[PDB]
Amino acid sequence: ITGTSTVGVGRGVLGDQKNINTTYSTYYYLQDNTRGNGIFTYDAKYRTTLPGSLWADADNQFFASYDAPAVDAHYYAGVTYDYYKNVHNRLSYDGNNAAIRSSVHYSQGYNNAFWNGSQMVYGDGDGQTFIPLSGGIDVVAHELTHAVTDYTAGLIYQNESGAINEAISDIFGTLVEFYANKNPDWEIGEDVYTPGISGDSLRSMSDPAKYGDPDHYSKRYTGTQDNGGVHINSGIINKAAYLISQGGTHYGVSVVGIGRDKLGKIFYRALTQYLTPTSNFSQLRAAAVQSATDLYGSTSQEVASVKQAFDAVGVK
Ligand SMILES: [Ca+2]
Ligand SMILES: [Ca+2]
Ligand SMILES: [Ca+2]
Ligand SMILES: [Ca+2]
Ligand SMILES: [Zn+2]
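The sequence shown maps to residues 61 to 376 in the working numbering.
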């Protein structure tokens, strides 16, 4: 839209109030004209035709229980964009202020949300297994991170590489949840995964095995399904990535933590300046070790911790 940037206001999936950036012209559309070449959001209309119709509001106030996904799936994108900019110095996913489009209410009770290649997508959850996946910021960045991983590495979404793509998308998906310091945990989607059981999550990074995810490269799932096990064997890298930030004695291997804002810059550099489509775990090791060297010389604890943290989860 050609229009006048303002600020409206609306309510998340988990009902927080939050000023949003919206674009008046006739109506108020959910076009944050402030970051990048814009961050747009479209009503899918519980249907599949993408990206749907750009979101519009009449009074510029989004509190209706149909807007909760759009808004949460909007505020959270600009917080992510914020991150990648206000740390890593990256301008939207492409790197050159690409326009972050988003669709919400994509199909009936679709228990999922993804990067379609062009754009982030979001369901409303079935209402047993999920609530609107806009609702989690964890969820937004992961699926946005996927796009970064497109326009940097291009790690192909099967086998080890695939397990990496998601892992990154777990890794910066957390490092983004800690940016906003919004009940920040090393967990994946508790806030909007199963309302009927507060105190759980789809995945974990501190302990994946709790949700059927391996925490070593001895327990690496092979079979053709999950595209080799992308949404599974990730768990190895979740642990690795996690262990580094935090530290701990995994299968008897005394790692030493370096905080989450030294995990970022490493995975990011590796993500951006070291990885390939065809990047197995072992190379991820080389890539994280190397990064550390660039970022903190070899004889630093950083290179030493990465080596330790991959030495834990069975990667050489
Ligand atoms: Ca309204
Ligand atoms: Ca949380
Ligand atoms: Ca979380
Ligand atoms: Ca839950
Ligand atoms: Zn994903």
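The C-beta atom is built at its ideal place from N, Cα and C for all residues, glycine as well.
Counting only the Cα atoms, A348 lies some 43 Å from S125. Here the distance from the Cβ of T254 to the nearest heavy atom of ligand 4 is below 7 Å. Within the DSSP bridge table, the entry for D198 names no partner. Separation of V199 and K325 (C-alpha to C-alpha, rounded to the nearest whole angstrom) is 21 Å. For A118, the number of other beta carbons within 10 angstroms of its own is below 16, and it is reported as exposed. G177 sits in coil when the DSSP states are folded into three classes, being neither helix nor strand. Going by C-alpha positions, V363 is about 8 Å away from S351.
At a cut-off of 7 Å, the beta-carbon of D230 does not count as near ligand 3: no heavy atom of the ligand is closer than that. Judged by DSSP in its simplified three-state form, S85 adopts strand. In its chain, beyond the 5 residues on either side, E220 have a beta carbon closer than 6 Å to the beta carbon of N340. Going by C-alpha positions, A227 is about 18 Å away from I318. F122 is not a Cβ neighbour of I231, given a cutoff of 8 Å.
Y253 is not a Cβ neighbour of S264, given a cutoff of 8 Å. Bridge pairing for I248: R263 [DSSP]. For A118, the shortest separation between its Cβ and any heavy atom of ligand 1 lies below 7 Å. In the displayed model, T64 falls within a strand according to three-state DSSP.
Closest in C-alpha terms to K279, from the list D286, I292, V73, comes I292. Per DSSP, the beta bridge partners of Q121 are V69. By the Cβ test, the stretch 268-282 is not in contact with the stretch 206-217, since fewer than three Cβ pairs between them sit closer than 8 Å. A distance of 8 Å or more separates the beta carbons of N171 and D154. When DSSP reads this structure, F190 sits in a beta bridge with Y253. Comparing alpha carbon positions, the residue from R320, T108, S194 closest to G75 is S194. Distances from the CB of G183 to the heavy atoms of ligand 3 are all 7 Å or more.
Here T94 has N81 as same chain residues with Cβ atoms under 6 Å from its own Cβ, once five neighbours each way along the sequence are excluded. Beyond the five residues adjoining it in sequence on each side, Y217 comes within less than 7 Å, by CB distance, of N225, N287, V290 in the same chain, given in chain order. Considering only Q368, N149, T62, the residue with the shortest C-alpha distance to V316 is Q368.
One Cα belongs to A207, the other to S163, and the distance between them is close to 15 Å. For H202, the distance from the CB to the nearest heavy atom of ligand 5 is below 7 Å. Cβ atoms of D127 and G70 come within 8 Å of each other, at about 6 Å. When secondary structure is reduced to three states using DSSP, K78 falls in the strand class. Annotation: the continuous alpha helix (DSSP H) that includes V363 extends over 361-372.
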